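**Q** Below is a structure I'd like to ask you about.
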Ligand SMILES: [Zn+2]
Ligand SMILES: [Zn+2]
């Protein structure tokens, strides 16, 4: 649901990169390959990890059991 | 032209802010349309 | 001070002889409150 | 994995028969190992590691004059997720007798699992 | 303890023996087998992992005589140590340079 | 029937280690 | 005959690049057995520090408690492993944790909604206070004698920007994780390297001369810096072999199906060690060599 700390196949940390990836993608017309290149991910094992993260925790958080709705 | 695309920006946008207008994924509702339409046809539509 | 209403989402309490119902909106569902205990895990 | 276990206590009372069991602890003998796992009101805490033989919820039974515990029925060690108290929708009010518990267990992929 | 040769395959002259090693795998077996095969006194070498799920390693050395598998294993281990030392010294010198 | 469209503007991704 | 001197005469190291995170050196005229032994010892048996035994007081977050414990134990710690010793098993768990082998990382957070919440604000960085928990929030605290030992060391995650949990107002996390020494072969969270691997140097045996435009395309098959055109005599020669990744695009063309052979030198490895942030790759390799040496020595001196 949330970005993993370490890439499964290798161990290169991709968990300090999700917000950076989103910012690079939205602020500029950066393609996903270019963003993953600029983010320190050159092997496809790391590249797919941030290319293919869903971030379902956003949909998960919108049901708060401790807040008036 | 690219054949497909990870609509990651759209996915995060729809996670953060679900639409207030008509729901996205229109084809996900015509899938269930049989059951809903069956139930709605007994208490609505012509002759009551 | 260890209970949470479902619809109201506001804390409440019981006297162990009081009916289960929201003190504000009249909702009888409740959710329990996670008190600060000492629970340990394995970071694996 | 998430598992729901209804703890409805209306198994005996029937339509005006007196409430013979109330969640909690009475003025009888009960070992403190129960309270070590049990909350003050007799329901368990949230996020407690439960195995076989561990109490789930206790209550002081009126007729027997002795607290009655309930045990977890699975050989799979588990963590509690929530304890939802249940009432009734009628304008008449009653005691508390139904609680719905959800459990949590770590289903890490071990050898033998199908991918 | 960690290293114990198996009496089931040891010989009275000692020229052939089989060792069972705990908490080891290819990471030491292959290098030790290479180093022992570098000894022209021995005939047979090679290593076998009995079962992967058990942290075990077997090394068997059949010499040509006048020596022992015990001393052949000692020589192989010492050559392994010296090889690691020369690698380390060359690496440190090239770090300085 | 026109062929599958080609993803144009593709560069060289795999460079050897240290490069 | 192979002798230690006959190996020292031929073995060599060519450190092509270096960094505090990533090294790329060469081991030459060494056996594939020893190079692989170094690689495996490096990736598994080199110790490092990561939180193992968490303690949780409250977790109202969306993230499951065990999931958060796994994420926390994953994060690398900028701690030199040699500063703390190893933990015990037979000792009572109340007493196994000393001030010489354990690091405690508290994390107390409470998300609260921002009263000055702008209209039309979608980004959660404005609507909530402490909604995002970052690894920077893991705040090391000294224990006992740690004050006068780890004072100069600012114990922080090797990446302070890894995201731990996304919260909502009211929800709380309150935990204390104990860190100890471990090895990669036990759990993948102790592996001190993001990667550690080698590759033999590619060999391009050109048998027949490639001249004219044929050498021009023959160069385009390899990476741009591998094949070159000689200045005077229009031909193809191997400029830099290391730059080549073996893709065998030449072999797809019949005009080069008999004019070239893509061999590979069997004693010339090209290591590439990327630290996970805990240490530096040169020291990682140094400790891999030391571990192999101490392992051989312990086997040697262990009574039979
Ligand atoms: Zn990776
Ligand atoms: Zn309510």
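All of this is worked out from the model, or read from it or from the source named; nothing here is a laboratory result. When we count neighbours, we look across all protein chains shown, and the Cβ atoms used for this are built from the backbone with ideal geometry, even at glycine.
**Q** Run residue G:261 past the list (1) under 29 Å from residue A:6 (Cβ atoms); (2) touching a residue at least 12 places away in the same chain (Cβ under 8 Å) and report the number of the one that doesn't hold.
**A** Condition not satisfied by residue G:261: (1).
**Q** Something else: Give the residues of segment F:5-19 that are loosely packed, with under 10 Cβ neighbours inside 10 Å and at the interface with another protein chain (Cβ under 7 Å from one of its Cβ atoms), sorted by residue number.
**A** F:5, F:7
**Q** Where residues in segment C:26-41 are within 11 Å of ligand 2 (Cβ to nearest atom) and either within 8 Å of chain D (Cβ to nearest Cβ) or in contact (Cβ under 8 Å) with a residue 12 or more places away in the chain (or both), which of them is surrounded by the most Cβ atoms within 10 Å (Cβ to Cβ)?
**A** We begin by selecting, within segment C:26-41, every residue within 11 Å of ligand 2 (Cβ to nearest atom); these are C:26-31.
The next check asks that each one be either within 8 Å of chain D (Cβ to nearest Cβ) or in contact (Cβ under 8 Å) with a residue 12 or more places away in the chain (or both); those that pass are C:27-31.
On the way: C:27: 16, C:28: 20, C:29: 17, C:30: 22, C:31: 17.
Step by step, filter segment C:26-41, then rank; the result is C:30.
**Q** Identify the single condition in (1) more than 11 Å from chain B (Cβ to nearest Cβ); (2) within 11 Å of ligand 1 (Cβ to nearest atom); (3) in contact (Cβ under 8 Å) with a residue 12 or more places away in the chain that residue A:50 does not satisfy, given that it satisfies every other one.
**A** With respect to (1) more than 11 Å from chain B (Cβ to nearest Cβ); (2) within 11 Å of ligand 1 (Cβ to nearest atom); (3) in contact (Cβ under 8 Å) with a residue 12 or more places away in the chain, residue A:50 is out only on (1).
**Q** Another question, then. Restricting to segment D:34-91, count the residues that are in a loop (DSSP other than H, G, I, E, B), under 30 Å from residue D:108 (Cβ atoms) and more than 10 Å from every other protein chain (Cβ to nearest Cβ). Quick ask: steps written out before the conclusion?
**A** Kept after step one, since they are in a loop (DSSP other than H, G, I, E, B), are these residues of segment D:34-91: D:39-43, D:45-48, D:51-54, D:62-65, D:72-77, D:87-91.
Among the residues that remain, those that are also under 30 Å from residue D:108 (Cβ atoms) are: D:39, D:43, D:45-48, D:51-54, D:72-77.
Checking which are more than 10 Å from every other protein chain (Cβ to nearest Cβ) leaves us with D:51-54, D:72-77.
Final tally of qualifying residues: 10.
**Q** Next question. Could you please give the count of residues in segment G:158-213 that are at the interface with chain A (Cβ under 9 Å from one of its Cβ atoms), away from ligand 1 (no atom under 16 Å from the Cβ) and either in a strand (DSSP E or B) or closer than 30 Å to residue G:249 by Cβ (or both)?
**A** 4
**Q** How many residues does segment A:54-69 contain that are in a loop (DSSP other than H, G, I, E, B) and either in contact (Cβ under 8 Å) with a residue 60 or more places away in the chain or facing chain B (nearest Cβ under 8 Å) (or both)?
**A** Let us first name the residues in segment A:54-69 that are in a loop (DSSP other than H, G, I, E, B), namely A:54-56, A:62-69.
Remaining after also requiring either in contact (Cβ under 8 Å) with a residue 60 or more places away in the chain or facing chain B (nearest Cβ under 8 Å) (or both): A:54-56, A:62.
Of the residues in that region, 4 qualify.
**Q** Looking at A:11, A:15, which one is within 7 Å of another protein chain (Cβ to nearest Cβ), within 16 Å of ligand 1 (Cβ to nearest atom), surrounded by 15 or more Cβ atoms within 10 Å (Cβ to Cβ) and farther than 30 Å from residue G:110 by Cβ?
**A** Values: A:15 fails: farther than 30 Å from residue G:110 by Cβ.
From the options A:11, A:15, the qualifying one is A:11.
**Q** Determine whether segment C:12-25 contains at least one residue that is surrounded by 15 or more Cβ atoms within 10 Å (Cβ to Cβ), more than 10 Å from ligand 2 (Cβ to nearest atom) and within 14 Å of chain G (Cβ to nearest Cβ).
**A** no
Yes/no per residue for (1) within 14 Å of another protein chain (Cβ to nearest Cβ); (2) on the phi < 0 side of the Ramachandran plot; (3) surrounded by fewer than 10 Cβ atoms within 10 Å (Cβ to Cβ); (4) touching a strand residue (DSSP E or B) at 6+ places or on another chain (Cβ under 9 Å):
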{"site": "B:3", "(1), (2), (3), (4)": "yes, yes, yes, no"}
{"site": "B:7", "(1), (2), (3), (4)": "yes, yes, no, no"}
{"site": "B:13", "(1), (2), (3), (4)": "yes, yes, no, no"}
{"site": "B:16", "(1), (2), (3), (4)": "yes, yes, no, no"}
{"site": "B:24", "(1), (2), (3), (4)": "yes, yes, no, no"}
{"site": "B:32", "(1), (2), (3), (4)": "no, yes, yes, no"}
{"site": "B:43", "(1), (2), (3), (4)": "no, yes, yes, no"}
{"site": "B:48", "(1), (2), (3), (4)": "no, no, yes, no"}
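**Q** Next up: Identify, please: which residue in segment G:189-221 is free of Cβ contacts under 8 Å to residues at least 40 places away in the same chain and buried (at least 16 other Cβ atoms within 10 Å of the Cβ) and is, among those, farthest from residue G:287 (Cα to Cα)?
**A** G:215
**Q** Another question about this same structure. Which count do you get for residues in segment G:234-258 that are away from chain F (no Cβ under 14 Å) and in contact (Cβ under 8 Å) with a residue 12 or more places away in the chain? Before you say what the answer is, go through the steps one by one.
**A** Of all residues in segment G:234-258, those away from chain F (no Cβ under 14 Å) come to G:234-238, G:250-258.
So of that shortlist, the ones also in contact (Cβ under 8 Å) with a residue 12 or more places away in the chain come out as G:234-238, G:250, G:253, G:255-256, G:258.
Here the count works out to 10.
**Q** Pick from segment E:50-74 the residues that are in a helix (DSSP H, G or I) and touching a helix residue (DSSP H, G or I) at 6+ places or on another chain (Cβ under 8 Å): which of them is farthest from the other protein chains (Cβ to nearest Cβ)? Talk me through it step by step, then tell me what you get.
**A** Just the residues of segment E:50-74 that are in a helix (DSSP H, G or I), to begin with: E:69-74.
Filter once more, so that each one left must be touching a helix residue (DSSP H, G or I) at 6+ places or on another chain (Cβ under 8 Å): E:72-74.
Numbers: E:72: 12, E:73: 8, E:74: 6 Å.
If we take residues in segment E:50-74 being in a helix (DSSP H, G or I) and touching a helix residue (DSSP H, G or I) at 6+ places or on another chain (Cβ under 8 Å), then E:72 is farthest from the other protein chains (Cβ to nearest Cβ).
**Q** Which one of these is over 19 Å from residue C:44 (Cα atoms), without any contact (Cβ under 8 Å) to a residue 12 or more places away in the chain and within 14 Å of chain A (Cβ to nearest Cβ): G:117, G:151, G:131? Write out each step before concluding.
**A** Details: G:151 fails: within 14 Å of chain A (Cβ to nearest Cβ); G:131 fails: without any contact (Cβ under 8 Å) to a residue 12 or more places away in the chain.
The match here is G:117.
**Q** Please tell me if residue E:35 is surrounded by 15 or more Cβ atoms within 10 Å (Cβ to Cβ) and farther than 21 Å from residue E:3 by Cα.
**A** Numbers: surrounded by 15 or more Cβ atoms within 10 Å (Cβ to Cβ): yes; farther than 21 Å from residue E:3 by Cα: no.
No, not satisfied.
**Q** Name the residue, out of G:15, G:63, G:72, that is within 7 Å of another protein chain (Cβ to nearest Cβ) and over 30 Å from residue A:57 (Cα atoms). Spell out the reasoning first.
**A** Numbers: G:63 fails: over 30 Å from residue A:57 (Cα atoms); G:72 fails: over 30 Å from residue A:57 (Cα atoms).
The conditions single out G:15.
**Q** Quick one: which helices (runs of 4 or more DSSP H) lie wholly within segment G:1-106 and hold at least 2 residues that are outside the structural domain of residue G:241 (by CATH) and at negative phi? Walk me through it before giving the result.
**A** Values: elements: G:4-8, G:32-40, G:65-74.
It comes to G:65-74.
**Q** Would you mention how many residues in segment A:19-42 are in contact (Cβ under 8 Å) with a residue 12 or more places away in the chain, surrounded by 15 or more Cβ atoms within 10 Å (Cβ to Cβ) and either within 9 Å of another protein chain (Cβ to nearest Cβ) or in a helix (DSSP H, G or I) (or both)?
**A** Total satisfying the criteria: 6.
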